[PDB]
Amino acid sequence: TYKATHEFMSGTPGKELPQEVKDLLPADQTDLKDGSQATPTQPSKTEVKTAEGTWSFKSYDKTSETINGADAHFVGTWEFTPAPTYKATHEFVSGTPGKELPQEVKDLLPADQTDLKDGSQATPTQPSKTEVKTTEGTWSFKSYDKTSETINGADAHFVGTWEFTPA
């Protein structure tokens, strides 16, 4: 007689299995008759959440094997899905009463920042330039309303003020 053993591996490049997944490795099956079919023991659960994301059991490499004069070994793969991420968006406003932003200023609104981790610090993207001259006068960027904000379970939003000086 022979045994059937198990091992787990990550199927997600750059991610090692956490101990909570390794803790689910099945026990060896013992006393298997030579020439019988061995089938791997399924893990007692197929999902493990961590602070980084969720691991989900995919399958073993073989769903059975014939015992042929040696112990059998089954390799089970788990895959990782990162925890939900958030965005940081931007908006521009005029800080000059009675003056609306021209399109040339609005055209400088930064792109959204994506794939920000929960609990991370977001800092707004600075405009590509900070002055725009028009026939009427010049627009200058002042600042965003905050220098940074912690992502705490929601998208962030930064408001940038431009001021106008007439020609």
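So that there is no doubt, residue numbering starts at 1 and follows the sequence shown.
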Of 100-108 and 114-122, which one has the bigger average CA B-factor?
114-122
Test of understanding: from the entry's C-alpha B-factors, which stretch has the higher mean, 29-37 or 46-54?
29-37
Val75: CA temperature factor from the record, placed by chain third, in the lowest
Taking the entry's C-alpha B-factors for this chain, is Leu24 in the lowest, middle or highest third?
lowest
Sorting the chain's CA B-factors, does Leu17 end up in the lowest, middle or highest third?
middle
CA B-factor placement of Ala156, once the chain's modelled residues are sorted into thirds:
middle
